[PDB]
Each structure stands twice: as structure tokens, then as C-alpha cells.
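Chemist: If you read the protein sequences in the order shown, they are chains C and L. Residues in the first sequence are numbered from 2 upward in steps of one, following the UniProt record's numbering. Residues in the second sequence are numbered from 2 upward in steps of one, following the UniProt record's numbering. Take a look at this one; I'll ask things after.
Protein chains: 2
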Amino acid sequence: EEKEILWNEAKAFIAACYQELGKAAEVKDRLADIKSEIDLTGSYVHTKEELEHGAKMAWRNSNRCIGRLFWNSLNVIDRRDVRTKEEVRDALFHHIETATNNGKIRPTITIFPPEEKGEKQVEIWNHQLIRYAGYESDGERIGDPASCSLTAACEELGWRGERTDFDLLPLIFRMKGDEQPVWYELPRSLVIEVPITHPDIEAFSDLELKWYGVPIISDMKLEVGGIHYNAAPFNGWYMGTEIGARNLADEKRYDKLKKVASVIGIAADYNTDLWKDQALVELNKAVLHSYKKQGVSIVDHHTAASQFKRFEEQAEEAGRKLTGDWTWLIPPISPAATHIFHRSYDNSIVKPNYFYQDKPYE
Amino acid sequence: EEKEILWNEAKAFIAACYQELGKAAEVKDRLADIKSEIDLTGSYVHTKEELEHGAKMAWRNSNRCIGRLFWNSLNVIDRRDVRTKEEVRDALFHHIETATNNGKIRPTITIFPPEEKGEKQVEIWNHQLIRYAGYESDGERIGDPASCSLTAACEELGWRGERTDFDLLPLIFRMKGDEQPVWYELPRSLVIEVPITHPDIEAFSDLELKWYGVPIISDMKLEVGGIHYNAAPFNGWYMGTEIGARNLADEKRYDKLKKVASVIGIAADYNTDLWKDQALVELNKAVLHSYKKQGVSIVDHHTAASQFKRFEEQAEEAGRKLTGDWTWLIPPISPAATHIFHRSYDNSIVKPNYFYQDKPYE
Ligand code: HEM
Ligand code: HEM
Ligand SMILES: Cc1cc(N)nc(-c2ccc(CNCCc3cccc(F)c3)cc2)c1
Ligand SMILES: Cc1cc(N)nc(-c2ccc(CNCCc3cccc(F)c3)cc2)c1
Ligand SMILES: C[C@H](O)[C@H](O)[C@H]1CNc2nc(N)[nH]c(=O)c2N1
Ligand SMILES: C[C@H](O)[C@H](O)[C@H]1CNc2nc(N)[nH]c(=O)c2N1
Ligand SMILES: [Cl-]
Ligand SMILES: [Cl-]
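What follows is the structure in C-alpha cells.
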């Protein structure tokens with residue numbers, strides 16, 4: 002049954018992949034090879050070409066992602082050769098370094114060995130490779146609430162956070178055959194952070210806000226032709242709203258809107274004053290300004306939506322159906338100022354793709 | 002077949018209606034009466050109690066409406082007795098007067114005779130009872146683009162607009178048995194309008210913006226227990242974003258964001274400056290300020306969302322399933338600042354309800 006799922010997925014992927022690569026004539030023989038390989042081993046191994054194009058197709062098919070125009074320029078690093086925790090750690094360090102690229106962020110994915118019998122070879126615990134710790138105890142809240150459960154798990158492994166609002170979590174992952182994950186502190190020289198200042202309002206720096214440069218999602222599964230790459234961290238650059246409208250603004254995250262209102266000199270007393278809306282706009286302006294000033298890549302939601310429009314056009318020109326999740330594609334600030342708000346999207350799931358998977362802790 | 006649809010809908014409605022009204026014991030005899038009445042006449046007539054509660058249930062079931070907390074205080078005016086165009090006109094004038102209530106807006110619905118064989122008795126052409134005309138010809142655009150087709154239809158009936166940006170469309174409706182609709186100019190004394198000024202920025206008045214006080218939707222069908230009330234205009238007060246984030250801001254509406262940016266003294270040159278977002282916030286502040294200053298009811302999106310939360314709670318307490326359309330319930334400005342953004346809603350259709358219907362022109 003599982004083999005059949007594998008073979009059916011493989012047939013669909015190879016046909017589509019080789020079509021797009023102008024290799025349609027090679028489909029027949031390649032499928033035969035794979036079919037034999039499944040029969041004998043219970044699985045099959047992707048060529049480097051298949052793996053690279055598969056990761057790109059998976060991004061192209063990610064319904065919730067506004068950044069998909071650039072799917073074909075994804076930098077794919079094949080690390081299916083890793084066998085040791087030192088190799089995994091060094092690969093993750095390298096990913097951070099090469100993706101960061103001194104601020105000129107390169108969209109990158111590092112692909113580790115795939116699941117075998119649904120058995121993971123490498124199990125990454127981090128949500129993102131760079132993320133802040135969170136703490137809550139007897140009433141006191143410190144750091145990023147979204148990291149509370151992982152932070153607590155880490156402190157079960159012998160790690161201890163300094164309990165600033167911006168402690169960098171260590172890398173945490175488990176190797177097949179080990180009962181507990183290992184953790185490694187991030188070399189600070191690898192991690193770019195951006196202090197948040199405002200172009201016009203000098204007092205904004207009093208909030209002492211910062212965010213990290215590069216979002217590197219490390220807890221999703223890349224599925225390509227029936228092969229499950231549960232460990233395959235990927236990154237892009239931020240859209241400013243992710244930081245200014247959500248990470249720093251959500252009541253269940255850093256919850257900074259009242260403090261923002263104060264430093265920009267407006268009252269936070271009356272709903273009809275739209276002080277939350279004004280604070281959100283200024284915080285989002287500050288985020289974009291700060292990343293730009295520091296030479297770290299970022300995109301604003303207007304430019305991002307314009308690029309997404311081009312992605313829609315390119316899909317139509319290539320004769321590919323477009324899929325999207327409207328509820329995630331609209332930016333959380335001024336959504337109706339984008340073309341996305343005013344059309345609809347088919348939210349069908351197409352593979353290859355990136356999927357959520359169960360967490361190994363909690 | 003149609004009778005069966007009618008009888009099935011009637012059974013569902015009467016049972017539910019009488020339950021909610023504590024009249025469950027009367028359901029049996031009432032259903033018998035209706036069943037006979039359908040047999041003989043092909044239809045049935047609602048009691049005043051049924052009609053009133055039906056209109057209220059229909060609002061309660063309107064998935065796209067954030068304002069539903071107040072469903073049970075809807076003022077229902079029964080005008081099933083009208084037979085002449087003079088009576089219709091006067092009823093519509095009266096609706097405007099009593100709903101407006103000198104600025105302290107009363108949510109009101111006026112219900113006209115229902116369709117018989119799918120044959121309308123009264124056919125209202127207006128989208129809203131008070132709405133601005135729109136014009137486009139050899140390149141020149143005047144007024145509200147969304148009203149262009151109705152405006153053109155009106156000018157086929159002997160009416161002529163002054164071609165300001167805010168011409169009030171006349172009431173336009175057709176009686177059963179007449180081939181053409183009639184039109185009547187709105188008495189200006191009945192129509193409250195609000196000039197848009199800003200609490201802090203004196204130059205905002207240079208834009209010479211205004212909007213009308215009361216949104217009165219006049220082109221939707223109220224369906225209650227299988228009876229189709231195609232003519233049943235209803236009103237509430239505005240949520241500020243409808244005016245400031247959409248009517249005045251949409252590129253395909255009044256398209257005022259660039260002019261707003263200019264009068265508030267910011268550049269409209271760079272996406273990363275978030276000038277559209279800032280302009281939207283100031284325009285929305287001005288809308289709320291202006292309606293408040295003039296003593297015309299309005300609600301901001303934060304307060305409206307808070308009321309909607311109470312509506313959700315009240316549904317749960319009453320043991321009623323909640324339905325909603327997330328994509329319409331989120332406000333078009335700072336949606337993630339509302340609780341609505343962070344939950345999901347079942348978009349199932351429950352009757353009684355209000356529905357779109359085909360336009361009689363174009
Ligand atoms: C290059 C710059 C990129 C930008 C600006 C961008 C933008 C975004 C944004 C704003 C989200 C929504 C996240 C949230 O609200 O939680 C998102 C989701 C997503 N992006 Fe992208 N993205 C980029 C690159 C990539 C890359 C390189 C991949 C993978 C190869 C990717 C795959 C996804 C996926 C899978 C999601 C969905 C996450 C989820 O369901 O929680 N994106 N993207
Ligand atoms: C009392 C104040 C009210 C407020 C603030 C309010 C708010 C809103 C808003 C903002 C919308 C979205 C409109 C759009 O974006 O196009 C809406 C939709 C709707 N409202 Fe309400 N509403 C109110 C009263 C009412 C009343 C009295 C009824 C009927 C009895 C009603 C029925 C609806 C319906 C049917 C829609 C959907 C319109 C469509 O699908 O195009 N509302 N409401
Ligand atoms: C590659 C990339 C670029 C970019 N600019 N953003 C992202 C990105 C950001 C955040 C997320 C996380 N989305 C939410 C996951 C989630 C889902 C449900 C509950 C939760 F607490 C968290 C995924 C991708 C990814
Ligand atoms: C009662 C009430 C109160 C309030 N504050 N707003 C409304 C209201 C406002 C606008 C609308 C119109 N919604 C869009 C109709 C539509 C749908 C599709 C295309 C179009 F051009 C227009 C409906 C109800 C209704
Ligand atoms: C295409 C999309 O459904 C459309 O733009 C909707 C989105 N959500 C909305 N929500 C409201 N309240 N009003 C609208 O006009 C719309 N437009
Ligand atoms: C409940 C709802 O689905 C949830 O709040 C979603 C809405 N749309 C979103 N869109 C993005 N981009 N990111 C998010 O976290 C969410 N949250
Ligand atoms: Cl993030
Ligand atoms: Cl409107």
C-alpha cells in the first residue's frame with residue numbers, strides 16, 4: 002500500500018519534472034529504474050536534478066506564500082550525505098552563513114536524508130534556525146511567547162537562557178538511534194540582527210526593539226515524488242509586516258503597540274482614534290527603514306504583492322494552474338490596497354510541496 | 002415541486018421561529034393552516050410576528066456582517082399593503098426619515114409585497130436608497146464609478162445628473178404590470194451628508210470629500226420560510242472602514258489616497274514609505290471624527306469587532322451554531338488587530354437570510 006502511494010507519487014512527479022526540464026523522452030526509462038528500485042529497496046533516490054527542481058516546484062506550489070515569483074532561483078544544497086550530528090550542525094551553520102550572505106539574503110534550502118520507514122534520520126526541533134526564547138513563570142513573561150514550549154524543552158537538556166527578551170535559542174536536533182536531541186549554541190558572528198529605529202522619530206530607539214535578519218523555517222516537511230524530507234530547512238527574506246504587524250505587534254507575541262503609541266506621541270485611550278492602526282503603520286515603517294539602513298534584504302507588502310501579481314501572470318503564460326490561500330496571501334496591514342484582496346484563489350493542494358508535521362516535543 | 006420547496010422551507014422556519022418565541026405548542030395548528038393555504042393559493046402569508054422575527058433571524062444569519070450583535074433590535078416596518086408607486090415612494094421616503102432619526106441611526110427594514118410566481122410586485126433598481134451617481138465618457142470620470150451602469154440606466158428614463166462628484170441618484174423602481182421603472186428625486190431635507198474633516202490637519206477640508214450618513218441596501222432579497230421578499234430595503238450605521246478604506250480609497254471607487262497623502266504632507270513616491278497605509282489611517286480617522294462631530298452614528302472597526310465577539314458569545318450561550326465569512330468579517334484596515342483574524346468561521350448558509358439577486362438593468 003505504502004509502496005503504491007510511493008510509486009503513484011513518483012510517476013506523477015517524474016513526468017511533470019522531466020516535462021518542465023525538457024527531458025520527457027527520459028521519463029520512460031527513469032520510471033522503470035525507479036520501479037525496480039522500489040521493488041528491491043522499498044524506496045528510491047532522487048537525482049540531484051530531480052531534488053533541486055522538486056524543491057523549487059514545492060515552493061511554487063506553496064499556497065500561503067506571497068513570495069513565489071522567485072521560485073526558480075532557489076539555491077538548493079544537497080546534504081543527503083550527512084550521517085553524524087557534527088555534520089548536521091555544520092550544515093546548519095553553513096546554511097545560516099550562505100543564506101545571510103552579509104545581508105544580501107539568498108533564498109536557500111538544505112536537504113537532509115529523507116525518512117525511510119517513516120523513520121526520521123535527522124529530526125530538527127527548532128521552528129526556525131534563528132528564533133528568540135520565551136519564558137513564563139509565576140506571572141512574569143520574558144521574550145517570545147511562541148517559543149515557550151521549545152524553550153522549556155531546551156532547558157530540560159542542560160541549556161539555560163539568560164532571560165533577556167531576545168535570547169537566541171540553540172540549534173536542537175536528534176539523530177536516528179539517539180534517545181535525546183543534542184543542542185549547540187549559535188555562533189553570534191553568524192547571526193545578523195537589526196535594531197529597530199524610525200526614520201523621523203528619534204525616541205523610537207527607546208523601545209530597544211530588534212529582530213533577526215533571516216527567517217529560516219526548519220520544522221516543515223518537503224515532499225517530492227513520494228519521498229518525505231522531514232528535515233529540509235529553507236529561508237527567504239522577510240516581508241516587513243511579518244515583523245512589524247505580527248511578531249512585534251500580536252498580543253500573544255511581543256505586544257508592543259501601546260509602547261509604540263507612547264513613543265510616537267499619540268494617546269492609546271480611544272478606539273475611534275485608530276491609535277493601534279497608526280502605531281502599526283509607524284512600527285512597520287520603522288522595520289523597513291531599519292533593515293534597509295543596515296543593508297539586510299527585506300520587502301514591503303506593496304512590492305511583494307506586485308511581485309505576486311507577476312507570479313500569477315507567469316503561471317498563466319506557462320499554462321500552469323495557480324493555487325493560493327487568500328486568507329494567508331493578504332497582508333495584515335492595508336490588505337485592500339493590494340490586488341490580492343480583490344480576487345479569489347483556488348486553495349487546492351499540489352505536490353511537490355512543504356507541509357506541517359507533528360512536533361517531537363510537548 | 003416549487004410548492005414542496007415552499008412547504009419544506011415553511012416547516013423549518015415556523016418550527017424554529019415559534020421555538021425562539023416560546024410558541025412551540027402553536028406550531029402544529031399553524032403548519033396545518035399554512036399547508037391548506039399553500040394547497041389552495043400556491044403560497045402563504047406570514048403573521049406580523051413571523052415577518053418581524055424572520056427579518057431578525059435573517060440578519061442574525063448574514064455571514065458577512067460584523068454588526069450582528071444587534072439583530073434582535075431591528076425595527077421592522079410591514080409594508081405588504083402597498084399597491085401603488087406613490088405608496089412605494091412614500092414608504093421609501095419614510096424609511097430614510099425614520100432610519101436617519103436626525104443622526105441617531107435606527108437599524109430598520111421596510112418589507113414590501115413578496116414575489117408571487119417568482120413575479121415581483123415591486124422591483125427596486127437602486128443598490129442603496131442613497132448613493133452617488135457615476136459617469137465615464139471619452140476619458141473623463143466623475144462621481145462614483147460603481148454607479149455608472151445605474152446612472153446610465155437612469156439617464157435613459159429622462160433623468161439628468163448635474164455631474165458633480167456627489168450627485169444623489171433618484172429612487173428608481175418598477176411596479177408589476179408597468180414596462181418601465183419610475184424615478185423620483187430625493188428630497189434633500191431627508192438626506193444627511195457628512196463633510197470629511199480631520200481632527201488635527203486643517204488642510205484635509207481642501208479635498209472637499211463628503212459621504213452620506215445612512216447605508217440603506219435596497220437590492221437584496223429577504224427570504225423567510227420559502228417566501229421571497231425581493232423588495233425589502235434595510236439599513237444600519239456605517240463602520241468607518243467601509244467609507245475610508247473602500248468607498249473613498251479603492252482605485253475603482255473615489256481613489257483618493259494620493260490626494261490624501263498630499264494634504265497630510267507625506268510623499269507618495271516609495272512603497273517602502275508605507276504612504277498608502279499612512280494615508281489610509283488618516284483618512285479613516287477623519288471619517289470617524291467627522292461623523293462623530295456631526296452627530297451621525299458610526300462605529301470603528303475595533304469596537305465593531307468587540308461587539309462581534311459578544312455576538313459569538315451570545316450564540317454559544319443560546320446554543321446556536323455560529324456562521325461567518327472570515328474573508329468579509331475581517332476589516333480592511335489592521336485586520337490582525339481584531340480577534341476575528343485569529344479564528345475561523347463556518348461559512349454555511351442558514352435561512353432566513355438576505356441574498357443577492359439579478360439586476361433588472363444592464
Ligand atoms: C524570498 C522571500 C520570501 C518571502 C518574502 C516570503 C513571504 C512569505 C510570507 C509573508 C509567508 C507567510 C508567513 C506567516 O504569516 O506565517 C510565507 C509563507 C510561506 N512561505 Fe514564503 N516567502 C519567501 C520565500 C520562501 C521560500 C524560499 C520558501 C521555500 C522554499 C517559502 C515557502 C513558504 C511556505 C511553505 C509558507 C507557508 C508557511 C505556513 O504555512 O506556516 N517561501 N512566505
Ligand atoms: C447596525 C450597524 C451595522 C453595521 C455596522 C454593519 C456592518 C456591515 C459591514 C461592514 C458589512 C460589509 C459590507 C461590505 O464590505 O460590502 C456588512 C455586510 C452585511 N450586512 Fe451588516 N451592518 C449593520 C447592520 C445590518 C443590518 C441592519 C442588516 C440587515 C437587517 C445587515 C445585513 C448585512 C448583510 C446582508 C451584509 C452582506 C452584504 C453583501 O454580501 O454584499 N447589516 N455589514
Ligand atoms: C521562507 C520564508 C520567508 C518568509 N519571509 N517567511 C517565512 C515564514 C514565516 C513564518 C512561518 C510560520 N507560519 C505560521 C506557522 C504556524 C502555524 C500555526 C500555529 C503557529 F504557532 C505557527 C512560515 C514561513 C518563510
Ligand atoms: C445594513 C448595512 C450596514 C452597513 N454598515 N453596511 C452595509 C452594506 C454595505 C455595502 C454592501 C455592499 N457589499 C458589496 C455588494 C457587491 C458585491 C459584489 C460586487 C459589487 F460591486 C458589490 C452591503 C451592505 C449594510
Ligand atoms: C475577492 C474577494 O472575495 C473580495 O475582494 C472581497 C474580500 N473581502 C471583502 N470584505 C468586505 N467586507 N467587503 C468586500 O467588498 C470584500 N471584498
Ligand atoms: C484563523 C486564521 O486562519 C489565522 O489567524 C491566519 C489568518 N491569515 C494569516 N495569514 C498569514 N500570512 N499569517 C498568519 O499567521 C495568518 N493567520
Ligand atoms: Cl517569523
Ligand atoms: Cl457602502
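Idealized CB from N, CA, C, for every residue including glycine.
Cβ of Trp276 (chain L) within 8 Å of Cβ of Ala287 (chain L)?
Modeler: Cβ distance not < 8 Å, so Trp276 (chain L) and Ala287 (chain L) don't count as in contact.
Chemist: Report, in whole angstroms, the separation of the C-beta atoms of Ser335 (chain C) and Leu281 (chain L), which I expect to be a contact under 8 Å.
Modeler: The pair is a contact, with the Cβ atoms about 6 Å apart (cut-off 8 Å).
Chemist: What's the call for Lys259 (chain C), buried or exposed, on a 16-neighbour Cβ count within 10 Å?
Modeler: exposed
Chemist: So with CB distances below 8 Å, who are the chain L contacts of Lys277 (chain C)?
Modeler: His303, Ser335 and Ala338
Chemist: Say whether chain C places a C-beta atom closer than 8 Å to the C-beta of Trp327 (chain L).
Modeler: yes
Chemist: Using a 10 Å radius around the Cβ and a threshold of 16 neighbouring Cβ atoms, would you call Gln122 (chain C) buried or exposed?
Modeler: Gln122 (chain C) is buried by the Cβ-count criterion.
Chemist: Using a Cβ-Cβ cut-off of less than 9 Å, list which residues of the region 284-299 of chain C approach chain L; keep chain order.
Modeler: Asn285, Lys286, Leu289, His290, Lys293 and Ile299
Chemist: For chain L, check one thing: does any of its Cβ atoms lie closer than 8 Å to the Cβ of residue 1 (chain C)?
Modeler: Since the first residue of chain C shown is 2 and the last is 363, residue 1 (chain C) is not available in this structure.
Chemist: What did DSSP end up calling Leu172 (chain C) once you bin it into helix, strand or coil?
Modeler: strand
Chemist: Quick one: complete alpha helix (DSSP H) runs, 4+ long, within the region 129-210 of chain L?
Modeler: 149-155
Chemist: Taking only the alpha-carbon atoms, compute the straight-line gap between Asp91 (chain C) and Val83 (chain C) and give it to the nearest angstrom.
Modeler: If I take the Cα positions, the gap works out to 10 Å.
Chemist: Quick one: does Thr273 (chain L) have its CB under 8 Å from some CB of chain C?
Modeler: yes
Chemist: Spell out a yes or no on whether the region 48-55 of chain L and the region 130-137 of chain L are touching, meaning 3 or more CB-CB pairs, one atom from each, closer than 8 Å.
Modeler: no
Chemist: Could you tell me which uninterrupted alpha helix (DSSP H) segments, each at least 4 residues in length, are contained entirely in the region 26-50 of chain C, listed from first to last along the chain?
Modeler: 28-42
Chemist: From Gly227 (chain C) to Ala11 (chain C), what does the alpha carbon distance come to, in whole angstroms?
Modeler: Taking the straight line from one Cα to the other gives about 6 Å.
Chemist: By the three-class DSSP mapping on this structure, what secondary structure does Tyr213 (chain L) have?
Modeler: strand
Chemist: Please state if the CB of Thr111 (chain C) and the CB of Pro188 (chain C) are separated by a distance shorter than 8 Å.
Modeler: no
Chemist: Any chance you could list the residues with Cβ under 5 Å from a heavy atom of ligand 4, keeping chain order?
Modeler: L:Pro216, L:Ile218, L:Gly237 and L:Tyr239
Chemist: Run the CB neighbour count on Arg69 (chain C), radius 10 Å, all protein chains shown included, and call it buried at 16 or more, exposed below.
Modeler: buried
Chemist: Of all the CB atoms in chain L, is at least one closer than 8 Å to the CB of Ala100 (chain C)?
Modeler: Chain L contact via Cβ: absent.
Chemist: Taking the Cβ atom as the reference point for each residue, do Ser298 (chain C) and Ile197 (chain C) lie within a distance shorter than 8 Å?
Modeler: no
Chemist: Expressed to the nearest angstrom, what Euclidean distance is found between the alpha-carbon atoms of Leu75 (chain L) and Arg107 (chain L)?
Modeler: Spanning the two alpha carbons is a distance of roughly 8 Å.
Chemist: Is the CB-CB distance between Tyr185 (chain L) and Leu172 (chain L) below 8 Å?
Modeler: Yes, these two residues count as a Cβ contact at 8 Å.
Chemist: Within its chain, find whatever has a CB closer than 7 Å to the CB of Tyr45 (chain L); leave out the 5 residues flanking it on each side and keep chain order.
Modeler: So the list reads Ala11, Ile35, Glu38 and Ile39, once near-sequence residues are dropped.
Chemist: With a threshold of 7 Å, establish whether the CB of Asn73 (chain C) neighbours any heavy atom of ligand 8.
Modeler: No, since every heavy atom of ligand 8 falls outside the 7 Å radius drawn around the Cβ of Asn73 (chain C).
Chemist: Can you tell me the Cα-Cα spacing of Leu93 (chain L) and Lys310 (chain L), whole angstroms?
Modeler: 33 Å
Chemist: What residues in the region 232-247 of chain C bring their beta carbon closer than 7 Å to a beta carbon of chain L?
Modeler: Those would be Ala246 and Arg247, in chain order.
Chemist: Tell me whether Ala268 (chain C) is buried or exposed, calling it buried when 16 or more other Cβ atoms sit within 10 Å of its Cβ.
Modeler: exposed
Chemist: Identify whether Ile78 (chain C) lies in helix, strand or coil by the three-state DSSP scheme.
Modeler: strand
Chemist: CB-CB under 6 Å to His128 (chain C), same chain, minus the five flanking residues each way: which ones, in chain order?
Modeler: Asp220
Chemist: Closest by CA to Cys18 (chain C), which one among C:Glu2, C:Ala59, C:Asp278 and C:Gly43?
Modeler: C:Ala59
Chemist: Please indicate yes or no: does the CB of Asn231 (chain C) lie closer than 7 Å to some heavy atom of ligand 8?
Modeler: no
Chemist: Label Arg65 (chain C) either buried or exposed according to how many other C-beta atoms from any shown protein chain fall within 10 Å of its C-beta, with 16 as the threshold for buried.
Modeler: exposed
Chemist: Should the region 200-220 of chain C be called in touch with the region 332-351 of chain C, which here means at least 3 C-beta pairs below 8 Å?
Modeler: Short answer: they don't touch.
Chemist: Is the beta carbon of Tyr362 (chain L) closer than 8 Å to that of residue 1 (chain L)?
Modeler: Outside the shown range of chain L (2 to 363) lies residue 1 (chain L), about which nothing can therefore be said.
Chemist: DSSP on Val225 (chain C), reduced to helix/strand/coil?
Modeler: strand
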